[PDB]
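Chains as they are written, first to last, in the authors' numbering: chain A, 1 to 201; chain A', 1 to 201. A prime marks a further copy of an entry chain.
Note that CB positions come from ideal geometry on N, CA and C, so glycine has one too.
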């Protein structure tokens, strides 16, 4: 109802707490981007067919260009804020738990989640099946209506709706699935601001 | 020297002969693209920060949105033209051979390559190590100088240069690695045109 009244928070990993990063130097070389230009800005200014070919190449080679992941904007700050309140935090991800654990350690958030509450590939059916959120709801003995699922992709929102949890979209700037989305924020930093302000006027 | 004098052709698979395709309806929904607009054109017309957020999301979710692959523009036509001349054709790919074989069958090109000349994950060291092209050079008993490696990514061109083969870049519209690239074409269809015209005036 009010966001701050939710004391049980579940996050997706990829796209929500962490984001893939890519080899900028390799992109600039392949796409002939001048050093003085931003990659995206430069591509948007090119003739349409040239821009299209170069964007297609970039998407085609996303895995070739990837260089691991970094925390998403505001993600660390938001998780630390929630943990500081004594809120219960979980993860629901397609990633193997061991890989999720390693990622959490790398971004300095491993102490914010009980290990049993990090649900990976082997702990839950694939999204948008509700099983993983129900597992957390059971472990926490809490109404799903008093939980929030935080994600950046339609399967996260569908998973929340299927389990009966509230839903937050982060990491898109607008509200593309309004019926599936209880709150939306451009990123985890705006979400933390929303949390701070809502029902506190 | 003249492109038509090369009678031994090696292709990369991903990015050269086939390209990943993606779920347009899912992209349009997530990025709030109107039906009357092209996705890329619409994104380029958005305010800079909004465009940046949406392009980042698209790259982040490239694998989530993927729906297998299709032949790259002109790829089928080019391979059939070369096979029709009686030229010897090979593949050098990171993909498992069994997966490459299945892909070749799907795009109707399996009859254009001897099965032993399709080199996958288990048949050759990772690009840009020259081993795979040397394997083909040996099997064909041909000077690498009389072979061409066709690709769309720097490791393909580096692999060709390391083995001593000629090199072609396809599927980018310009010439970003001029010292690594013997011929360049926007796609396999322009390459087929180049083949047809060069040294024939």
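Starting from residue 168 of chain A', trace the alpha helix (DSSP H) both ways and give me its first and last residue. No alpha helix (DSSP H) holds residue 168 of chain A'; the beta strand (DSSP E) holding it covers 166-169.
Are the beta-carbon atoms belonging to residue 16 of chain A' and residue 182 of chain A' less than 8 Å from one another? no
When you compare each of A':94, A':99, A':93 and A':107 to residue 80 of chain A' by their alpha carbons, which one comes out closest? A':107
Contact list for residue 88 of chain A' against chain A, beta-carbon separation under 9 Å: Within chain A, no residue comes near residue 88 of chain A'; the closest Cβ sits about 27 Å away, beyond 9 Å.
Separation of residue 11 of chain A from residue 192 of chain A, as counted between CA atoms: 14 Å
So with Cβ pairs under 8 Å, would you call residue 71 of chain A' a contact of chain A? no
Run through chain A' and tell me which residues come within less than 9 Å of residue 19 of chain A, C-beta to C-beta. 56 and 60
Short Cβ contact (8 Å threshold) for residue 92 of chain A' with residue 124 of chain A': yes
Quick check: the Cα distance between residue 137 of chain A' and residue 114 of chain A', rounded to an integer number of angstroms? 14 Å
Assuming the contact rule is C-beta atoms closer than 8 Å, residue 169 of chain A' and residue 157 of chain A' should be a hit. Round their C-beta distance to whole Å, please. 6 Å
Residue range of the alpha helix (DSSP H) that includes residue 155 of chain A': 154-163
Taking beta-carbon pairs under 8 Å, can you tell me which members of the segment 2-35 of chain A' lie near chain A? 14, 15, 19, 20, 22, 26, 29, 30, 31 and 32
Can you pull out the residues from the segment 164-190 of chain A whose beta carbon lies closer than 9 Å to at least one beta carbon of chain A'? 171, 172, 173, 174, 175, 176, 177, 186 and 187
Between residue 100 of chain A' and chain A, is the shortest Cβ-Cβ distance under 8 Å, so that the two count as touching? no
In its own chain, which residues sit with a C-beta less than 8 Å from the C-beta of residue 110 of chain A', not counting the 5 before and 5 after it? 101 and 104
One or two residues paired with residue 9 of chain A' in a DSSP bridge: A':89 and A':148
Taking 8 Å as the CB-CB cut-off, is residue 50 of chain A' touching chain A? yes
Going by the beta-carbon positions, is the gap between residue 189 of chain A' and residue 34 of chain A' smaller than 8 Å? no
Using the C-alpha atoms, what's the distance from residue 155 of chain A' back to residue 130 of chain A'? 10 Å
Got a sec: is the Cβ-Cβ distance from residue 97 of chain A' to anything in chain A below 8 Å? no
What are the residues that DSSP puts in a beta bridge with residue 19 of chain A? A:70
Say whether chain A' places a C-beta atom closer than 8 Å to the C-beta of residue 44 of chain A. yes
Since I believe residue 9 of chain A is in contact with residue 65 of chain A (beta carbons under 8 Å), could you give me their beta-carbon distance rounded to a whole number of angstroms? Not confirmed; about 32 Å, so no contact.
Alpha carbon to alpha carbon, what distance is there between residue 89 of chain A and residue 121 of chain A'? 41 Å
Using beta carbons (cut-off 8 Å, strictly below), is residue 121 of chain A' in contact with chain A? no
Can you confirm whether residue 154 of chain A, when its beta carbon is compared against all beta carbons of chain A', has any partner nearer than 8 Å? yes
Excluding the five sequence neighbours on either side, which residues of its own chain have a C-beta within less than 8 Å of the C-beta of residue 85 of chain A, listed in chain order? 7
So, helix, strand or coil for residue 14 of chain A, using DSSP? strand
Do you know offhand how far residue 159 of chain A's Cα is from residue 199 of chain A's? 26 Å
Would you verify that the beta carbon of residue 41 of chain A is, or is not, closer than 8 Å to some beta carbon of chain A'? yes
Considering residue 84 of chain A, what are the terminal residues of the alpha helix (DSSP H) in which it resides? 75-84
Of all Cβ atoms in chain A, is any one closer than 8 Å to the Cβ of residue 53 of chain A'? yes
Could you give the distance in angstroms between the alpha-carbon of residue 132 of chain A' and the alpha-carbon of residue 13 of chain A'? 14 Å
Backbone CA spacing between residue 21 of chain A and residue 196 of chain A [nearest angstrom]: 29 Å
Option nearest residue 26 of chain A by Cα separation, candidates A':194, A':177, A':187 and A':186: A':177
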